[PDB]
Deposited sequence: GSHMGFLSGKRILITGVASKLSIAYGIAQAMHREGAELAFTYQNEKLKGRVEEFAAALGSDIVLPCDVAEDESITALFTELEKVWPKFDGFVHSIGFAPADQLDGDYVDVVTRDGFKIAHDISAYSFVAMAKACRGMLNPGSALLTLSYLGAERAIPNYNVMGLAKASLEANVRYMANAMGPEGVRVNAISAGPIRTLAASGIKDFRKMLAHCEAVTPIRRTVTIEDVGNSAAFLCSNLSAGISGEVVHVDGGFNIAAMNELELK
């Protein structure tokens, strides 16, 4: 698929209903190798099962709230993926979600291949993927966000997933520093 060759880290899988899980499924379908993080120890088993379902052995702990946890994650990740092609940051409703996104970027900055793409999930707040994209663009890294509608217009998890898959693939190479609104689907 259009993600063949890519190694992408998915954060925010907690259940099979998670938006991040549908993104992972879409990315798997398009031939990406995936890695997953679990927030807490309770989730470790579930996430390992979901990861295995998609042929992944890389399940690492990470609390995106703590900077040391992020540094630790990327220290551990480098042992199996010395280089990778970006991550999906999906920790939902503070600049805590904004901060953790820039934190994780800084933490994995050296492990990113040229052509890498970071993606943050959104579902008076202006997301500032703009400044991240301008910073990391010169070294070949793209940064974007998906602002997803409620999962009358209903978005399917598959819809979000495919947009996410696209925005992490080379198909979307001309798109960086952008917030894509995925609300569409009236009835």
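Open item on the list: No C-alpha coordinates means not modelled. Give me those stretches of the deposited sequence in order.
Closed with: According to the deposited record, C-alpha coordinates are absent for 1-4, 98-119, 150-167, 196-219, 256-265, which together make up the missing parts.
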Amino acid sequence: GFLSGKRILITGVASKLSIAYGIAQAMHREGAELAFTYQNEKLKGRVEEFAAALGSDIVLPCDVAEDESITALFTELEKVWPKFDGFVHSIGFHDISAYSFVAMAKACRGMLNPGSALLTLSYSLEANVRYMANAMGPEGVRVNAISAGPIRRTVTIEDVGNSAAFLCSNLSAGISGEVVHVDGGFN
From here on, numbers count along this sequence of modelled residues.
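- [ ] Going by the average Cα B-factor in the PDB entry, point out whether 31-39 or 152-160 comes out higher.
- [x] Higher mean C-alpha B-factor in the PDB entry: 152-160.
- [ ] Please work out which of 166-174 and 17-25 has the higher mean CA B-factor as recorded in the PDB entry.
- [x] Looking at the record's C-alpha B-factors, the answer is 17-25.
Task: Most elevated Cα B-factor in the entry, residues 58, 47, 133, 70 - done: The C-alpha B-factor peaks, among 58, 47, 133, 70, at 47.
Task: Third of chain Cα B-factors occupied by residue 113 - done: Middle third by C-alpha B-factor.
- [ ] Just say lowest, middle or highest third for the CA B-factor of residue 146 relative to the other modelled residues in its chain.
- [x] Tercile = lowest for this residue's CA B-factor.
Task: CA B-factor ranking of residue 96, expressed as a third of its chain - done: Tercile = highest for this residue's CA B-factor.
TODO: Can you work out whether the C-alpha temperature factor of residue 62 puts it in the lowest, middle or highest third of the chain?
DONE: Its C-alpha B-factor belongs to the middle third of this chain's values.
TODO: Using the B-factors in the PDB entry, rank residue 119's C-alpha atom against the chain and give the third, lowest, middle or highest.
DONE: It falls in the bottom third of the chain.
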